[PDB]
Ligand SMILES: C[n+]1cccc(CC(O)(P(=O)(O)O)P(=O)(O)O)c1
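As a starting point, one isolated chain is supplied in C-alpha cells, in the form solved without the named molecule.
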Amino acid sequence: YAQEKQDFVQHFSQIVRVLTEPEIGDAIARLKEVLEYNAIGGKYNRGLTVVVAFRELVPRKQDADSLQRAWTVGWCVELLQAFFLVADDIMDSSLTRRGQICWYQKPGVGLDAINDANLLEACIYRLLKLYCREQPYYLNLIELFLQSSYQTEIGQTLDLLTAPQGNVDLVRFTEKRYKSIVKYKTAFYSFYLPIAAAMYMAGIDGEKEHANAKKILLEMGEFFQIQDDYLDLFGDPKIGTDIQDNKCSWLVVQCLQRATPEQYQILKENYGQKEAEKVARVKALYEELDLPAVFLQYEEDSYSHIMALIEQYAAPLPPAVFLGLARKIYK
C-alpha cells in the first residue's frame, strides 16, 4: 500500500509530461507550475483507491495499458480534488494547505488562481480523452466526473449558505442539513467517485450495481466526515479551527440537539470568534455534554451499520473493495 502509493506518485511525472506539450508555451508552463504545486503533497488516497479497486475488480485483462489507464483515472480524481481545493481556499480565505502557502496566496497568483483551478478541472477531461477515448467506458467516465463536480459544487453552495464565515447562525445547523452537506460536498467525490470509476473501467456499468456501491460508499463518507469533525477538536495533534470558523460541524449539530436554552446562549456567544479563551469555552461545553462519548457510541453503531451495508449491498463486487476502505477510515 505504501509501495502502490509511490508507484502512483511516480506516474505523476508522466501525467504532467502529457498535459504540457508554439505561442501558448507560456500558458502551458504556467499550467505545469499549477499542476506541480496543487496536485502533489496530499496523501493520494482518493486516486489510489481507483487503482486498488481496479485491481480487485478485473486479472487477465490487466495489460500495461489497462494499468496505465487506471493510474491516469486515479490522477483524474486527484485533479478534481485539486480543482476543488484551490477554489475552496480562495472562497474561505485559507492561508495554508498541505503544508504550504495556499496557491492563491503565493505572491503574483492571487485571484488568477480561479483560472488555474479551472485549468485543473479541464485537465481531467484531456487525460480521459488521451488515455480512454477508445474505451467502451469513456463516456461513462466523462459523465461520472461531471456529475461528481456538480454534486460537489451543489454541496459547497449548501455549505456556504449554511455557514457564512463572519456571521453567527446556528438555526441553520440541523442534522438533516449537516448530512446533506456531507453527502454532496464530500462523500460523492471522495468515496463513490473513485470506486465508481474503477467499476466502469472493469466493465461493471449496471445502474443497480452502481446504486448498491453508492449506498455503502456515501454512508462511509458520512462517518469519515463525522470523524473528521470530531478529530478537528479532540484529535491528538494539526490543531483544527472549526468553531473559530462557524462550521456546520457534526459537533455543533449534536450540541444544539442536546442543549438547554442557557447552553444555546453559551454557544451563541462563542461559536465563531478567534479568541482562544472563547474557543476554550465551546470545547468545554462539548466536554460537559459528553460529546466524545456520543461520538464513541456513534462510531460503534456506524461501524456495525457499514458492515451490514457491505453484507447486503456489496454482492457481486468483492467485499474487499469496501472493506479496505472501511479499514482505512475506521482506524
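The term rigid core refers to the most C-alpha atoms you can superpose between the two forms while keeping them within 1.5 Å. All residue numbers refer to positions in the sequence shown, first residue = 1.
- Count the deposited residues lacking coordinates between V58 and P59 and you get 1 to 3 of them.
- Going from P237 to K238, you skip over 4 to 9 residues of the deposited sequence that the entry leaves unmodelled.
- Mean CA temperature factor is higher for 248-256 when stretches 121-129 and 248-256 are set side by side in the entry.
- Here 257-265 and 214-222 are compared by their mean Cα B-factor, and 257-265 comes out higher.
- For the set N45, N38, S302, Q62, the PDB entry puts the maximum C-alpha B factor at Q62.
- Among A280, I28, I306, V50, the highest C-alpha B-factor recorded in the PDB entry belongs to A280.
- Per the deposited record, the Cα B-factor of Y192 falls in the lowest third when ranked against the other modelled residues of its chain.
- For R172, the recorded CA temperature factor ranks within the highest third of the chain's modelled residues.
- Placement of the Cα temperature factor of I243 within the chain: highest third of the modelled residues, per the deposited record.
- Ranked by Cα temperature factor within the chain, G166 sits in the highest third according to the deposited record.
- When the CA B factors of the chain's modelled residues are split into thirds, the value for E209 lands in the middle one.
Beyond what is shown, the protein has a form solved in complex with the named molecule; the following relates to that form.
- The site on this chain is open, since the named molecule, superimposed from its pose in the deposited bound form on the surrounding C-alphas, has no atom within 2.4 angstroms of any backbone or C-beta atom.
- In the deposited bound form, every residue of the candidate spot (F84, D92 and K185) has a heavy atom lying within 4.5 Å of the named molecule.
- Note on the partner interface in the deposited bound form: the residue among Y189, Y131, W71, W103 having a heavy atom within 4.5 angstroms of the named molecule is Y189.
- The partner is absent here; in the deposited bound form, the one residue of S180, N212, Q135, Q156 having a heavy atom within 4.5 Å of the named molecule is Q156.
- Note on the interface: of 250-258, 92-100, 122-130, 169-177, the segment with non-hydrogen atoms within 4.5 angstroms of the named molecule in the deposited bound form is 92-100.
- Taking the named molecule as positioned in the deposited bound form, none of the residues of 16-35 brings a heavy atom within 4.5 Å of it.
- In the core-aligned comparison between this form and the one not shown, the C-alpha of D228 is the only one from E209, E121, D228, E219 that shifts by 2 Å or more.
- Taking the rigid core as fixed, one finds a CA shift for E143 smaller than 2 Å between this form and the one not shown.
- After superposition on the rigid core, the Cα atom of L291 is displaced by 2 Å or more between this form and the one not shown.
- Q263 is among the residues whose C-alpha shifts by 2 Å or more between this form and the one not shown once the rigid core is aligned.
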